[PDB]
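We begin with a single chain expressed as structure tokens, specifically the form deposited in one PDB entry.
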């Protein structure tokens, strides 16, 4: 509320109700309500927003005001007391590859983005936020608690800007502030193609009628394509090494260069689109560039859907997968396809799955040169290590043969993210993702832990002893009670991630319910779901069933040895097979003549 920094460009389109292709914006998916799931609309509210003043001020804004008669603890203080840890020894997930973590961030970026208020460029506002730590309007700074080492080294706060929100509309009657989702709620490879028509065009190769995506013209990975550079200045990717001066990539998603392995996955996905386009041109020489672009985009979309639902969700949801995502029963136009506000916090479980280092491995999956293993923080907004230090293959090998961090109640978020995060506007490896997540929960008017437990039909702990029983952890429950005083005030991000994981899963009960419900809606509410009859032919669906991440790697790198099950922990060579033994995508069912 209070209009400073609101709204988004929602362009009005007339719907082609008979197109066999998704729109870029996600409009026209639901025929009765064409905006359901589209980009640049409010996140859905599963529960009503909870603000300090009932409208827009987050809990923790006014020093006098309590939440249920208790002060809310500082975000940085929750992080210091509970989220940090020293010893990286034995922290690794023994049955999840690093690809497990990385695929999570990919799916998340496809589904939701809540961009920070653009106070504008040229800002004295940025100055009063970063330099003077002054709370007001969109500046909601993360204040350091007493004894914080960052007090001695950085200043009084980390700067923090409130998320974008819907503009008050001409009734202008009093409503709770609603944050915007800038990407399509559909699992539709929007992170490759864009959620905005203008960027979608700019990303395409329109010089040739071959339906390709634009590729870098200054740099090649032993003949394989790189994403184009984003030429917008100043560049955070240039800032982290001004000698090398390699800019950030330009992708369908603003966040693609945030860390080197995300950039890697974006590169693999772009290569696959061009491979699909080239193969379809061979099968159908009469097909034009639009047709080729849309058909490759339509396949890559299904690829993301199949990998997510067949390979990823089962090993996240474990025993709860069947309860929340039973067998598909066809498209239901009454299901809400939109991403909920709470989901964008629930999926941040992945921040406890990121380890402290990244490795480049050689063709024998051995340490690649003398600086093989690098600290994660050196790789935020880092494109020069790809362009000028061996391409993506050595990073992709590390994705296969290295492990995700395991979530640990005593070891939650590696110091690489908790103390050394780099933000694209700022100059320091000095931010705390855990403190930002907690601040952001409050920014977004999140109901509290016991609110969501109830939403999920779970018991709502009210005492120390009750919380100890939910967490199966005496000390964690005590630290939480000392900070929050009531489990009612525990911010959903820490509350959900504190719970011991469900059987065969990587999240606890509350997160299994919130994620499960959302992924059920993402499938059932999507008119272009790959299994919805008439989206693909039956023969095309038989072809699609054989896709794998292992094949993506074989088709789009010079790696010739890969595991069959890329998401579990895999050791070279015992667990790796030659690419020739891995099922391919049979494209003959897309062959199209007139006779």
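Residue numbers count along the first chain shown, from 1. Note that the rigid core is defined as the largest set of C-alphas that superpose within 1.5 Å between two forms.
The following text describes the form deposited in another entry, which does not appear among the structures shown.
- Residue shifts between the shown form and the other one, rigid core superposed: of 425, 319, 147, 169, the only C-alpha displaced by 2 Å or more belongs to 169.
- The Cα shift for residue 285 between the shown form and the other one, taken after rigid core superposition, is smaller than 2 angstroms.
- When the rigid core is held fixed, the Cα atom of residue 120 travels 2 angstroms or more between the shown form and the other one.
- Residue displacement note: residue 7 has its CA displaced by at least 2 Å between the shown form and the other one (rigid core superposed).
- One change in the other entry concerns residue 172 and residue 32, whose Cα atoms lie at least 3 Å farther apart than in this form.
- Relative to this conformation, an increase of 3 Å or more in the Cα-Cα distance between residue 6 and residue 255 is found in the other entry.
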